[PDB]
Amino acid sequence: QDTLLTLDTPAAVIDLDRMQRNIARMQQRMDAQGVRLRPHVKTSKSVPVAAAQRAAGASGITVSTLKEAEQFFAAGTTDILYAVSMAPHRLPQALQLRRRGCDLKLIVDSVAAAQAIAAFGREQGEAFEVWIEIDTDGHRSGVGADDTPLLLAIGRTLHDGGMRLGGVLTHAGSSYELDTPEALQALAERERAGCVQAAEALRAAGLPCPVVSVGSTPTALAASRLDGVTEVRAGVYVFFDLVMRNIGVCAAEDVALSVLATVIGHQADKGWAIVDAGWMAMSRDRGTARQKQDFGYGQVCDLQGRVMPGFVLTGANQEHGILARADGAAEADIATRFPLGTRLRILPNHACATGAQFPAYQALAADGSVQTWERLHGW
């Protein structure tokens, strides 16, 4: 019988009741907007996490690598969008997945990448499904939402080239820089409007564009309306994290992934407890540093998961985390409060970064038992 007292530390624990509440909150919001949810599994890369998202009503998945496409397809999921601008050298891998039965969709934002796909498809007998990525907020990839000549030149390359022009997609990743409901709502409207504008421009040119796909977790939870959109992609919401708490779309109490750690020593004069969760456990992500409340390398909670405001990991080496007062003072008699061997749970800055440090999650049930749920590492 494995439980939080028996596991070695550090371990990545998913509180299944918290995870199920986050899954239902997002699916209920997408149902209220009349759109499909295509979760981004790059947050967990774990078959049972994605199975719970499917069981609640999700439609297909988004993946960040073809390794995730291979994993999820070998587990029976066939409706897979690889939402990273396609590199031509990966075309043989993509072809072999489609010929095996995976309905794998690729994305592009240039004439040259569309040309490479379409020439390879014609040669190989494969009508690849490709969507066009639209830049709606200046974050990263994509055809500018008002760069119509580029949008139509790519769309005609794919459609006249014998490929299946399946849709447009955008990701308003600048939402991570926001922290008010008004700014998130307005960005969610800019994301929706730009993605719909590109679809209408394709359709107006006589090109197919059946899918309009938007999303980030903060804009998926903030959008007031989603007219014109067929699906939303969101991923970090399945666990949440402290970055999301500071953006304002969840509370710390909603964060379903924590790192179980043991106190292995102290520095009494500085008021430090040293734990065995360093940055190799937490990752080096320090997304909260650029936000209105800095949580260091994570927020401390007790073994029951009660948040302990005011204690955070103020520093981290590879295998040692430094727990101390966030107010800078040296806690008096820190060893008397957290004796050697005490177990604590640390909430992460960024769930996608912390999860990737572990070979598996420990999925925590209501009775206190855990089941190990493997996840993917690498490419």
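When you see a residue number, it is the position in the sequence shown, counting from 1.
| Selected stretch [higher average CA B-factor]: 199-207 or 126-134 | Higher mean C-alpha B-factor in the PDB entry: 199-207.
| field | 262-270 versus 117-125 - greater average Cα B-factor per the deposited record | value | Mean B over CA atoms: larger for 117-125.
| said: Can you tell me which of 227, 254, 103, 285 has the maximum CA B-factor listed in the PDB entry? | reply: Answer for 227, 254, 103, 285: 227, with the highest C-alpha B-factor.
| request: Tell me, please, which of 139, 90, 245, 306 has the highest C-alpha B factor according to the deposited entry? | output: It is 139.
| request: Among all modelled residues of this chain, ranked by Cα B factor, put residue 27 in the bottom, middle or top third, i.e. lowest, middle or highest. | output: Its C-alpha B-factor, which the entry lists for residue 27, ranks in the middle third among residues of this chain.
| request: Select lowest, middle or highest to describe the third in which the CA B-factor of residue 79 falls within its chain in this entry. | output: Middle third.
| task | Among all modelled residues of this chain, ranked by Cα B factor, put residue 59 in the bottom, middle or top third, i.e. lowest, middle or highest. | result | It falls in the middle third of the chain.
| Mind checking which third residue 1 falls in for C-alpha B-factor across the chain? | Within its chain, residue 1 is a highest-third residue by C-alpha B-factor, going by the deposited values.
| query | How does residue 231 rank on Cα B-factor within its chain, lowest, middle or highest third? | reply | For residue 231, the deposited C-alpha B-factor lands in the middle third.
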